[PDB]
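Here the structure is laid out as C-alpha cells; the discussion comes afterwards.
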Amino acid sequence: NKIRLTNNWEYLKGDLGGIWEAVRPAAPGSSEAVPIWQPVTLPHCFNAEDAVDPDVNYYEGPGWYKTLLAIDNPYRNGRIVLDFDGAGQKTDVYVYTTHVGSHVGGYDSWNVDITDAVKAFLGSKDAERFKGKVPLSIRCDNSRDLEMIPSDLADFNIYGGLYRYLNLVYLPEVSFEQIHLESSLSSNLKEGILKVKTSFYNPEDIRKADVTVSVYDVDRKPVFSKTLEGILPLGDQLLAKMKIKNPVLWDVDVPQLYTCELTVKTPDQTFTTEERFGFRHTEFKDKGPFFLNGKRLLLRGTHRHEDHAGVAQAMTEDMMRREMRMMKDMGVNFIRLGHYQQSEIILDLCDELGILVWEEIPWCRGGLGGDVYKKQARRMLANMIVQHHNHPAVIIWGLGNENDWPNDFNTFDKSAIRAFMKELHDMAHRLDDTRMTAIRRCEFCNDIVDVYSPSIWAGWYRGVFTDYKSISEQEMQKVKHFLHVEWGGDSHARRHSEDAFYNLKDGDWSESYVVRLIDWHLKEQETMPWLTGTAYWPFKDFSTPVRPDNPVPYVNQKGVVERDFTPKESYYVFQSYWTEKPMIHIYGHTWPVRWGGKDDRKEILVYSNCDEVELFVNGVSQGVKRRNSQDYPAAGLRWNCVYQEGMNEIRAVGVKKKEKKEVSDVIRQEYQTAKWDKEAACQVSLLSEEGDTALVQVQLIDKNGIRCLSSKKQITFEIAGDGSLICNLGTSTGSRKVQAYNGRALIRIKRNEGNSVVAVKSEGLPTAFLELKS
Amino acid sequence: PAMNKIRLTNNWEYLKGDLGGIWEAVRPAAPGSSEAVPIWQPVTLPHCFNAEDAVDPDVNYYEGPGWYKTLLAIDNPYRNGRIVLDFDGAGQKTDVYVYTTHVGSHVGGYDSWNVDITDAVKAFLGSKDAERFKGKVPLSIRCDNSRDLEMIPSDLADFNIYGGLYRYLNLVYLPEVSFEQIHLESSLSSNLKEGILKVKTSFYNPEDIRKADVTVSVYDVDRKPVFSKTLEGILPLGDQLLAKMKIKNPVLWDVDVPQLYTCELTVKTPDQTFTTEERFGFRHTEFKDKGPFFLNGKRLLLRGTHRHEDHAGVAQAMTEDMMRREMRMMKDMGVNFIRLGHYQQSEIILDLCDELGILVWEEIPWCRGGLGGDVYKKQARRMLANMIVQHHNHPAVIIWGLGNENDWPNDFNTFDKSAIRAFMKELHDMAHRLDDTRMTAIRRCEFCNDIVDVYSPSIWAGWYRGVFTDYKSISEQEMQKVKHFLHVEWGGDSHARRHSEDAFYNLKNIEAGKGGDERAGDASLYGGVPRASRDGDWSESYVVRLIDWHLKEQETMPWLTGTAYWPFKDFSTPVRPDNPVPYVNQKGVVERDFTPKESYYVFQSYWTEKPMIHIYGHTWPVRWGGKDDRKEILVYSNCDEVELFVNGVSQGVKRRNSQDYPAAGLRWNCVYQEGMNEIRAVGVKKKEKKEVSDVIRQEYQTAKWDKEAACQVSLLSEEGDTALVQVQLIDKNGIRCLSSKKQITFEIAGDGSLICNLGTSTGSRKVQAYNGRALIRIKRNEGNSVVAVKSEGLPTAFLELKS
Ligand code: NA
Ligand code: NA
Ligand code: NA
Ligand code: NA
C-alpha cells in the first residue's frame, strides 16, 4: 500500500511569495508563468551540481516542489499518509492552499496524515480545475542556521531538497505507528527473550481490535503465534513476551534475521505488516576488546555519507545496494553512518549483509545553541533510536562529533556542553539501555558516554603512521571503552608518487602514500588483541563545502572508492587483508608512467590474500614470495625490479591453498628516465571515443617537450559548440577544474552528434585547443 | 549637507544568500578554516544582486537574501555628535547590524530611510571585541528581495523587484542639534504676482539642548538672497514654524526656464554651527474639468515619458553620472513630463527634473495583484507618506500616484473590488491630508476612476490592441469618462537595429474600431486576438510610424492634458523570457546602454526647436527590393524645408508639415542602385537662420533569399583588447537572409569573455537576428579564444580569435 512518488514533479530553486503562487491559475506567457520550474524525478537534491562546481558556494536556501496526486484509497474510511524517508532541512507541506505539516531535521523520517485536507479539497469548487487530481506542494529549506544542527562548520554539505524517497501510504482505520521488538540474548547464547510492543495509530478511536502476533525464524518457520482478541488499539501496548530457546544468532559472517508479523483485524479491516530483528549478544570489555556472541571480534570499519556523483544526497535504492555490496566485498564488518541518521534502506542492508552500526545525531561542531537547538537534538536522538531500534546491526547510538570545536556562537561553555551531553546520554539510556552511547573527539566529555573515540589521524593530520599503535594504546587507557572512528588520508585518484616508494638506486595526496598508510594500520591491528576495532574515514569520496582548494575542488578525497563508485588502489589493500575470496592486485592500474634513474631498482607492491605470489617483469620471473602481514609493506609481497626505459609489462600470479584457486593480474607501465623542467605547455588530444562521448587527455610538458610527471598544476576545461563537458561529478576525471595527476588530466565530452572546440587552460601557460567533430 | 555626507562606496564585500546568524558575519575566521566559506565577493557600491542574472537568458533572477559587510573608520568631527547611516534606497527588506547588535530595519525598496548608530558605535568601541577590528567598526547589512505576496510591489509586475544596496548609502556626521525635516510650503497667487512661502522644520535634538539661534535664508536661482532672518534663543525641539513670507513678483518655475529658490537653515549653539539647505519653486498648475493642463496660466501639452531605475551592466545600481546623462538625453529629446515608473525614485532624479524642467508623476508600487492584509496595507500607507514627505519640496512634482493596474488579479485567491476601493480612497485621503497642493492619480483601474483627481486608462493603440490610427478616437471616448484625463503608457517594442521594408506586412488580421486597451493575455506572446505586439516583426520601422502618428494626432487634440510614452529606455523585466532580447522590455526609444534608437529622433523632431535632421535608417545597412523599385525615404527633422540627395542627385525640396503623415511631409520615393548608396539631407530652419545636414550610407540588395541555411561568422572590427564579431545568416545559395529573425546563441572557450548580459541587441549571448545579422563584442583578455555560433537546425559555426 506504499507508493514511491518519483515521477511528474517540478522543482523551483528559491522561495515563492506564498502558497498561492504554487497553485494559482497560470496562462502561458503570463506573469504567473515565471519563475520557470524544472521537471525532476525524485529523489532530488538542490545541490546535485553546485556542491562540487568549483566557482560557486553551494546553495543553502529555500526551494519548492509540486506534483498532482491521483488519489485512490483501497481501504474503507482509510487514511492517506505522506511518509518522508528524509528531506533537508526544514520542510513545509501543503495540500492545495492548506498547510498540513512541517519538520525540522534533515535526516530523520517523519510523516503527515493528509486525509482530511484531501477530502476538503476534493469536495471544493477548486477541485474541478485540477481535473480530479490533488495538488501537493512542498517547500524545503537548507538555509544556514546557527540554531539548527548540524553546524555549517562541519566537513560535509548540509544538503537541501526531497533527497530521500517520499512515499504515499494508504492505511486502514487502525494501523501501527511504531513496532518495537525488544530482543535480548543471554550471555550463554541459549535463551533469547522477545517483547513485542507497539504504538497504535487510531484516529477514529476504534475501541477494540483483534491483533495476531507471529514470529518466524530465519528459514521462515513459525516459532510463535498468538491472537489477542479485543485488545485496546490505542497508545502503547505490550502484545507478547516470549522466550526462544536456542535462537539462531545474527552474525557478521552469517547474518540471519527473525521476522515478526502483526495483523490488526476489525469488522472493517484486515491489515498485516512485518518487522525484522535478530538475536545477538554484544559486549565491550572494560579496558579490552569487543565480543560478538561470546567471541572477540575486531571491528573492521568504514564510514559513509549520503552523497554520490551527479546526484548529491539523492541516491537511489539501487545505488545504495551497489555501495553496500562493495563494502561487504571489501571485508567491512562495521560502519559509522557519517554524522547523522541514514536512510532505512542502509540499515536494512547492514542487517542483511552483516555490518555492525554506529549511528549518531548531527550535533557536529560549533558549541551549543539555545532552546530550539537543544530541542532539535533531543528530538532527533529520540527519533533515531525509536525508528532504528529493531536493527540488530546497531550497537552504538552516537551523541555528537567534535563538540570541542567552537565558534558558532560568541561564547563557548564547556560546562553547558557537558550538562547537555549528559542529558542526551541519560535520555538514550531511558529509551534503549541495550546499546552503548558514544561520541567522537570531545576530551572534556570523555567521562560521560559509554564508548569513546578520540581523534587519531596518524600519518595524515599529525605525526607519522608508525605512531598509530602507540597513540591508540595511550588513548584506550583513558576511557573504560575505547573505539577508534576516523583515520586515513586523502588521495587524488590516479595520482601516484615515486617518493612514496622504497626505490633502490612522502607523496601525500598520492594514492601511493595512502596505500602504505592503510597497509601499516591493518598489519598493526593484527598485533592489538585488546582493540575493539576501528573505522576508516570514509568509504567513498564525498563533497564538502569547506575544501574549495582540494585537488578535486569541494571533495574530501580520503575515500578508497571514487565518488562515482570507481575503486581506488586503496580498496584492494583493505580487500587483501580482510577477505578470503582469492584476489590479487598489482599496485598501479591507473599509474601509466613511472620514473627514475636508468639502473634504479623500483619497488613493486602486490596486494593479495594469496599464500604465495610470483611476480614477472617483462616476462622474466622475479621470484615467488610468501604472504606475511608483518613483513611490511604489502605483507611480504613486494619486489625491487629494474624497469626498461619505455613500456613494461608487470604480471603477478598467486595461489590460495585453502580455496585451491589460482588468480593473476597484469598491468602495463611506461618508465621515464628523462628529467623535466617547469611546466611550459598543455598538449591536448583525443584519447578514445565511445558512441557519442569523447575522452580528452591533457599532458603538461616542459620547454623541451618532456612530460612533467610530478606536476600538480590546476587544469581548466572549457567547451564551445554542440557538446558538453561531463563535469561536476566530484571525481578526478569528471571535473572542469582539477589538479593534474602526474601532469595529466582527463575529461569526457558528450558530443551531442555535433561539433565542438575544447579549450584547456592553466595559469601562466598558453591556452590549448582541441577540435571535436562527430 | 555635502561636508557631512560621505558616500560609502569602497571596501565592501557581498554574499549572495543568507547567513546562519549575525555571528557568521563578524566571527574570527582563519584562512582555510570552515569559517572561510562561503566566499564573499568584493564590490563597490551601489550594487544590485541582479546586475547580470536579470537579463541572463537561462536563469530566473535571484529573489532572496544577500549580505554586505565593511569595516568603517569612524571619526565624528562634532563634539558629542551623532553618527547616522542614510539610505537613498535598498531592496527590498533590509536589516542593519553594528557588530552583533541589530540597529535598524526597513521594508520598502524605494523610499529613503536612516539609522542613528551613535550608541551602538560607542558600545562597540568600548568593548573587548573592538581590539580585533583594529580601530574600525564592523557594519553588516542584510538585504532581501524574496518574493512576498504580502509586500508591494507584486511579482506580477513587468519589472524586476531588485535586491541589494542599489542606491547610495551615506555616512552622515551630525552635531548635537540638527534638522530632521525641512518642509517648504509654497503657494502662488491668482495673477501669479504674489508668492507665499512657509518654512517649517522638525529638530533632531537627542541631548535636549534648550536654546539655539536659527537663521533662515532664501536665495534665488543665482543663490543670491531675497530673505534672511535669525531667530534668537528658539527652542530647537520638535516642530517649529521658522518663517512665513510674501514674495512679490516671484520668479516662476517653468519647463522651458526652470528656476529654483533655495532655503538655507543654520542652527547655532555655543558648541556648533550647522547649515543645511532645501530647494523649491513657485508655479501654478491646473487641470481643467474635461479639458487640458495649464502651467502658470497657459495651456501646456504634457510631452511625457517614463523611466525605470535599471541600466546595462548594473541593474538598479545606477551612479549619479549615469542618471545625469539619461535625464539630459530626455531633455534634449523635448520631454517636459515624466512618470517615474511604478515607485519612488532616487532624489538625484527628482533634483534633475527640477533643474531640467520636467514635470513629475511619482507613485507608490501598489502595482497589480489585488490587495493584501494588514502588513501589506501598512507598507503602502507608509511608502505613500514617506514619498510625499520626502519629495514634497520638488516643484517638478504635480501628481502623487496611488497605484497601477490595480484591477489586475491573482496574487490572492480572492479579489474584492469594494475592499480595493476602500483602501484606494484611504490612500487618496491621506495624500490630500499631507499635501493638498497636488493631484492624486492611478492608472488602469476603471472601478476606481471616481476616487482619484486624475485618471489614466490603458490606451495601447497599434500595440497591445487595435490599430494606431484609432488613437485619437479612443482617447476622445476615454477622456469623457473622467473629470481629468491624462494618458500614461503607449508605444511599441522595437528590437534595436531591426528594420523592415514592409513594416505592416504581417498585420492583416488586426481589427480596428474595438478599443486599444491592454487586457488580460495581451502582453503575452501566446494566445489572444491578433495584435501588433504578437504579430509585428518588432522592427524599428513599425514603431517609428506608430510614434509619428501619435505625435501628429496630438497637435489636433486641444482638450488633451498630455501623454507619456512607455518607456524612455529599454529595461529588464522578469516576465518576458522570449523577447528578441530575453528579459528586456524593448519599447524604449533608447537602448539599455543609452544608445539612441531611430525613434528617439522622431520625438526630437516634433518636440524641440534646436535645428536637427535625421534620415531614417542609420542602423539599417542593407535595404532590399526589386530592381528599379522606388524606395521610401523618411527624414525626421524640425527644419522648415529639407532637400534630399541620393548619390549626389537632388530629389527636390520638401516643406515640413506635421499633418502630412508620415515624416511631416519630409518623405521621398527614390531608386536605389544595387550596391552602395549615399543619402544626404540638408535642412534649413528660418527662425534660427541655420542649416543642418545628415548623411547615411546603405547597401541595396535585389537578390531574393531562401530559408536560413548557415551562419557566416567574421571578425568585423577590433579596438584594443575588444573584438567585434558579426554573424550573418545566409541561405543555401549564400544570399543574405535580410528578413530573418532567427535566434543566435554565442559561446566562447578560452581566454576571452563575451560582453553579454547587457540587455541590448548587441550585448546578448542569446539574441534574435536583426535583418539576418547579429553582433557581439568579446573581451579578448590578451589571449586566444574560439567563439561558437549556434542556431536551431543550422550547423554550428566557429571563429578563432587570436590576440
Ligand atoms: Na561549490
Ligand atoms: Na546549522
Ligand atoms: Na533572467
Ligand atoms: Na510582492
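All values below were derived from every heavy atom in this structure, side-chain atoms included, with hydrogens, water molecules and symmetry-related copies excluded. Lettering follows sequence order; numbering is per chain, from 1. Start at 1 and go down the list; that is how both ligands and their atoms are numbered.
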Legend entry - B/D158 and B/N585 side chains, donor-acceptor separation under 3.5 Å: yes

Inset, instruction - Restricting to N/O/S, name the atom of B/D148 that gets closest to the Na ion (ligand 4). - result: O

Inset, instruction - Taking both backbone and side-chain atoms into account, decide whether B/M151 has an N/O/S atom under 3.0 Å from the Na ion (ligand 4). - result: yes

Legend entry - Side chains of A/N728 and A/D53, donor plus acceptor under 3.5 Å: yes

Legend entry - Side-chain H-bond candidate by donor/acceptor type, B/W113 with B/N386, under 3.5 Å: no

Legend entry - Residue A/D53 atom name (nearest to the Na ion (ligand 1); N/O/S): O

Legend entry - Pair A/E32, B/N410: side-chain N/O donor-acceptor within cut-off below 3.5 Å: yes

Legend entry - Under 3.0 Å: N/O/S of B/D411 next to the Na ion (ligand 4): no

Legend entry - Distance-only donor-acceptor check, side chains A/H308 and A/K540, under 3.5 Å: yes

Inset, instruction - Please find out if the Na ion (ligand 2) and some N, O or S atom of A/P150 are separated by less than 3.0 Å. - result: yes

Inset, instruction - Give a rough value, rounded to 10 degrees, for the angle at the Na ion (ligand 1) between atoms O of A/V56 and O of A/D50. - result: 100°

